[PDB]
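Down below is the structure, laid out as C-alpha cells.
Reconstructed Cβ throughout: ideal geometry from the backbone, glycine too, with neighbour counts over all protein chains shown. Read-outs: derived from the displayed coordinates by stated rules, not from any lab.
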Amino acid sequence: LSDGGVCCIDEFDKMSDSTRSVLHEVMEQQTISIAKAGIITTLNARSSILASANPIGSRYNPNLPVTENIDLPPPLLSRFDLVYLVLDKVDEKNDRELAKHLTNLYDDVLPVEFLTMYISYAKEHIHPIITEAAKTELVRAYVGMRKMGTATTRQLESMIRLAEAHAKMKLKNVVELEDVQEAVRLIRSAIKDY
Amino acid sequence: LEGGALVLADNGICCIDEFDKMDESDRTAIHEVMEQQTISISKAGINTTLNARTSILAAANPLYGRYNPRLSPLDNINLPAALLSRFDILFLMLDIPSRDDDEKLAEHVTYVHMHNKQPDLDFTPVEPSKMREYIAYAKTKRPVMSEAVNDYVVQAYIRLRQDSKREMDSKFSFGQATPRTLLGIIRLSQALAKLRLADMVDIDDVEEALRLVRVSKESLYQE
DNA sequence: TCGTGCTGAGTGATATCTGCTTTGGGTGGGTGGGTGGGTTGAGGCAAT
DNA sequence: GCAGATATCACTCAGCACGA
C-alpha cells in the first residue's frame with residue numbers, strides 16, 4: 001500500500017524475525033513475489049522504509065559495540081542506507097535548553113503547503129546524472145571506507161543514492177563533487193565519529 | 001477486527017486489574033496506546049488504526065505470597081522494565097503487620113459495616129453526584145502556563161536530571177528522569193490548577209505535583 | 001352529372017384460462033414455516 | 001380472492017355497385 005511513498009515502523013526490535021525476513025526482499029529487489037494456493041504473481045513495493053529500534057537495556061551503553069546494544073541481526077543493519085544513533089546524554093546546558101524548548105508550548109520555517117509542492121516538483125521533473133568528477137572520487141571514498149577494517153558494496157550504492165538525492169534538492173541535472181562530499185560526510189557522522 | 005478493552009474506554013479511564021497476566025502481544029502493544037493515543041494493526045485484511053484516547057490505571061500483585069522489598073521490583077512480577085517507566089506515577093503499597101495499624105483498620109472497616117459512614121466527624125464526606133459535577137466542571141476548564149512558573153519547572157527538571165546521574169547504579173532505577181518526567185510534572189501541575197478552577201497555574205500547583213512524583217518513587221524505591 | 005343500401009373486414013372488450021411460485025442462500029429473514037428443502041475438504045492465517 | 005397471458009365474439013365502419 002506504500003508503493004512510491006515511505007513506510008514507517010515504530011518498534012523494529014519488538015518484531016519476530018519471521019516477519020522481518022519479508023523486508024529482506026523489499027529493500028533489495030523492490031518487489032514481492034507470492035506463490036501459494038494457485039496465485040503466482042509479483043506485486044511492486046517500490047517504497048522507502050523508515051524504522052526505529054530501542055536498546056536492549058533501559059538505555060544505550062557506549063562501552064559495548066553497536067551490534068550488541070540495539071539487537072537485530074548484524075547483517076540486517078548493513079542493509080539500511082543510513083543507521084543513525086541518537087542518545088540522551090545528561091548535561092547542565094543541553095537539558096536546560098531542551099526544557100526551555102518543550103515548555104514554551106504552553107529561525108523561520110517554510111509553510112508545509114509550499115514545501116510539499118517543492119518536493120513534488122523536484123521528485124517529478126529533476127533527474128540528476130552523475131559526472132566524471134563524481135566517479136573519480138566515489139571510487140576513492142568507497143575504497144577508503146573498506147580499507148579502514150561491515151563496509152560492503154551496499155555502502156557504495158548508498159553513497160550513490162544519497163549523492164543523487166542531494167542534487168535533487170538543489171534542482172540540478174548533474175551531481176557535483178560537493179553533493180557526494182556531503183553524502184559521505186552524512187554517512188560517516190550518522191553511526192557517529194567516535 | 002474486533003476492538004478490545006482499551007478501545008471501549010475511549011474518552012474515559014480504562015480499569016485494569018491483574019496487570020501482570022498480559023500476554024506478549026499486549027505487553028508490546030500497550031506501549032503504543034501509552035505513548036500515542038491510537039492502536040495500529042496491519043494484519044491480514046485490516047490495515048487501519050483504532051482510536052483509543054484512554055488513560056490507563058493498572059495494578060498487580062505477587063502470584064504466591066507477599067512482596068520482598070529487598071529483591072528488585074522486577075523480581076516479583078512479570079512486567080518488563082520498560083513498561084513501568086512510562087507510568088506517570090508509580091506506587092508500591094506494602095502490608096506490614098502491626099498491632100496499632102491493624103487495630104485502627106479493623107475499627108474503621110467495622111464502623112463502616114455498622115453505620116455505612118465514616119467514624120471520624122472532622123470532615124463530612126462529599127456527596128457523589130456533587131463530586132461528579134465538580135469533576136466535569138473542572139475537566140471543562142483549560143489552564144495555561146507562564147514564564148515565571150516555567151523557570152521553576154525547568155530548574156526542578158535540571159535538579160531531577162542531575163540527581164539521577166548518581167542513582168543510575170541501582171538496576172531497578174527504571175524511574176530515571178527523562179523529558180517524559182518533565183511533561184508529567186507539567187501535566188500534574190495543570191491537573192491541580194484545574195481542581196482550583198483557575199486559568200493561570202501558580203507555583204503552588206507545581207510544587208505540589210513535584211511532591212507526588214517524589215513521594216511515589218522515594219517511599220516505593222527506598223522501601 | 002351523382003346518393004345510398006349492402007358487404008367484408010378488423011379491433012375492443014370481454015370470456016375462459018393458467019397460475020398464484022421459486023428458489024438455493026445468509027445484504028432476502030425467523031411474527032413465513034420445516035410435509036419446500038440444505039449432510040465438504042483443502043489451504044491460508046492469527047495465536048501462540 | 002388476485003394479477004397476467006391468452007383467445008373469442010360482436011359491432012361498426014369505409015368501399016363498392018347500382019339506380020335516381
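Rounded to the nearest Å, what's the spacing between the alpha carbon centres of segment B:141-162 and segment B:39-55? Just the number, please.
35 Å
Would you kindly derive the ³J(HN,Hα) couplings of segment B:214-220 from the backbone phi angles with the Karplus curve 6.51 cos²θ - 1.76 cosθ + 1.60 (θ = phi - 60°), listing them in order in whole Hz, with x for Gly and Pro?
5, 5, 8, 9, 3, 6, 10
What are the residues whose amide H is under 5 Å from the amide H of A:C7, where those residues sit 5 or more places off or on another chain and H is modelled from the backbone?
Excluding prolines and chain starts, which carry no amide H, the hits are A:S48, A:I49, A:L50.
Out of the trypsin sites (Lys or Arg not before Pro) in segment B:107-145, which ones are loop residues according to DSSP with at most 15 other C-beta atoms within 10 Å?
B:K117, B:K141
Convert each backbone phi in segment A:64-76 into a coupling constant with the Karplus relation 6.51 cos²θ - 1.76 cosθ + 1.60 (shift: θ = phi - 60°), then list the ³J(HN,Hα) values in order as whole Hz, x for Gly and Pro.
Result, rounded to whole Hz: 6, x, 5, 4, 8, 6, 9, 6, 6, x, x, x, 4.
Output the pairs from A:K14/A:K123; B:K139/B:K217; A:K147/A:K192; A:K192/B:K165; A:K147/A:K170; A:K135/A:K170 with a Cα-Cα distance over 25 Å in this structure; if there are none, say none.
On the way: A:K14/A:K123 33 Å; B:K139/B:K217 27 Å; A:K147/A:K192 18 Å; A:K192/B:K165 23 Å; A:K147/A:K170 32 Å; A:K135/A:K170 20 Å.
Checking Cα-Cα distances, A:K14/A:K123; B:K139/B:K217; A:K147/A:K170 exceed 25 Å.
How large is the dipole of the protein assembly as shown about the Cα centre if only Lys and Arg carry +1 and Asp and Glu carry -1, each at its Cβ, rounded to the nearest 20 debye? It would help to have the intermediate numbers written out before the result.
On the way: 50 positive and 63 negative charges, 218 e Å.
Using only the charged Cβ atoms, the result is roughly 1040 debye.
If I model a spin label at B:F172 and A:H125 as a point 7 Å from the Cα along the Cα→Cβ vector, what separation in nanometres do I get?
Simple spin-label model gives 6.5 nm for this pair.
Rounded to whole Å and sorted largest first, what semi-axes of the equivalent ellipsoid does the C-alpha gyration tensor of the protein assembly as shown yield via the square root of 5 times each eigenvalue?
50, 26, 24
Can you tell me the Rg and the Dmax, both Å, for the Cα atoms in segment A:1-144?
Answer for segment A:1-144, Rg first and Dmax second: 20.8, 64 Å.
What is the mean number of Cβ atoms from other protein chains located within 10 Å of the Cβ atom of each residue in peptide B:150-161, rounded to a whole number?
That average works out to 4.
If packing is taken as the mean number of other Cβ atoms within 10 Å per residue, what is the order of B:11-22, B:72-83, highest first?
Sorting B:11-22, B:72-83 by mean packing, highest first, produces B:72-83, B:11-22.
So for the protein assembly as shown: antiparallel DSSP bridges make up what percent, rounded to the nearest 5?
Taking every DSSP beta bridge within the protein assembly as shown, about 45 percent pair in antiparallel fashion.
For B:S40, list long-range residues whose amide hydrogen, built 1.01 Å from N in the peptide plane, is under 5 Å from its own amide hydrogen.
Residues meeting the criterion, in which the H sits 1.01 Å from N, are B:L50.
Quick one: 3J(HN,Hα) in Hz for segment B:32-42, Karplus 6.51/-1.76/1.60 with θ = phi - 60°, rounded, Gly and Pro as x.
Computed from phi, the couplings for segment B:32-42 are 4, 4, 5, 7, 10, 6, 5, 10, 10, 10, 10 Hz.
In nm, to one decimal, how far is the B:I203 label point from the A:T19 one, both placed 7 Å along Cα→Cβ?
Here the modelled spin labels are 5.1 nm apart.
Once label points are set 7 Å from the Cα along Cα→Cβ at both B:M34 and A:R161, what is their separation, rounded to one decimal in nm?
3.4 nm
Enumerate by residue number the chymotrypsin sites (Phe, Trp or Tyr not before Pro) in segment A:60-98 meeting two conditions: DSSP loop (anything except H, G, I, E, B), and at most 14 other Cβ atoms within 10 Å of the site's Cβ.
Those that pass, being in a loop and sparsely packed, are A:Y84.
Percent antiparallel among DSSP beta bridges with both residues in chain A, to the nearest 5?
Taking every DSSP beta bridge with both residues in chain A, the antiparallel ones total about 50 percent.
Based on the Cα atoms of segment B:1-216, what semi-axes does the equivalent ellipsoid have, where each is the square root of 5 times one gyration tensor eigenvalue, given in whole Å with the largest first?
Result for segment B:1-216: semi-axes of 29, 27, 24 Å.
Sort out for me the Cα centre separation of segment A:63-104 from segment B:102-135, rounded to whole Å.
For segment A:63-104 versus segment B:102-135, the Cα centre distance is 51 Å.
Once the piece of chain linking B:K130 and B:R142 is laid out straight, how much longer is it, given 0.36 nm per residue of separation minus the C-alpha distance between them?
Length gained, B:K130 through B:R142: 2.3 nm.
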